[PDB]
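Only one chain is given next, in structure tokens, and it is the form deposited in one PDB entry.
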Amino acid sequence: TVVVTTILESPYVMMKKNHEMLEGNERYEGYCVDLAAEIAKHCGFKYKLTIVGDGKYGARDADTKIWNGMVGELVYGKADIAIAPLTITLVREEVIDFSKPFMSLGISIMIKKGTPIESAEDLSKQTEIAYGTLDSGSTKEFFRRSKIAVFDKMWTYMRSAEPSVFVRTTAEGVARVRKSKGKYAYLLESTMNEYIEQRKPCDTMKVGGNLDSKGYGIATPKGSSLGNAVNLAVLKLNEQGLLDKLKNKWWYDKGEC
């Protein structure tokens, strides 16, 4: 039985309402729950879903150099594969292998409906509406390291805006957009931004083109006997139209807006 690490992040993995009456994999539902079943079928393995102990994706402490999250669970042997919306990045790929992406995404803008902002350039050319990102992570780093004039102007503003425009969690970023009466715009992954829009009170919108391009991938340890098959399975499901189908199902068929 393959041990699958994953993360409770909607709509990827969520507890079914009647989870206490159930056990094992049946306790969960979501895009990644459906994906794990397809990947297992196509690779021929039995598996057990487990939620990542510390509830994190995967980052390496700059001082201690220890890996936390799902990446940590793979490099320290606690799980055999990670099936979740784990972004394919250079630092992670140095230590684990990623399948080809199963979903595309990029940095985007979340506004409270009615905010007169349509792009990153709009935001950079004004100060009435504050804007920020998660206070740690790649989105913040994107701006910090960018050489593009608009993005550098945005970084300059954000780094010294008061009150602080950075938030501790994704949920706080969403709540701040919702409760700031149009005076705060949040930068985050387009997939989450698209998902919010679609969730009641239906008061947020995704605007502008993505500012970068990335992808989520299934992760396995270096030398894993699972890597090759998992990678072919993702390509097959994309070509059969199944990945698009799952995305449409969890974002729109189950949408409320």
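Note that the rigid core is defined as the largest set of C-alphas that superpose within 1.5 Å between two forms. Start at 1 with the first residue shown and count on from there.
From this point on, the text means the form deposited in another entry, which you will not see here.
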Once the rigid core is superposed, exactly one of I88, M103, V150, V95 has its CA displaced by 2 Å or more between this form and the one not shown; which residue is that? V150
Against the rigid core, is the Cα displacement of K125 between this form and the one not shown at least 2 Å? yes
So with the core overlaid, does the Cα of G137 end up 2 Å or more away between this form and the one not shown? yes
If you line up the core, does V71 shift 2 angstroms or more at its C-alpha between this form and the one not shown? no
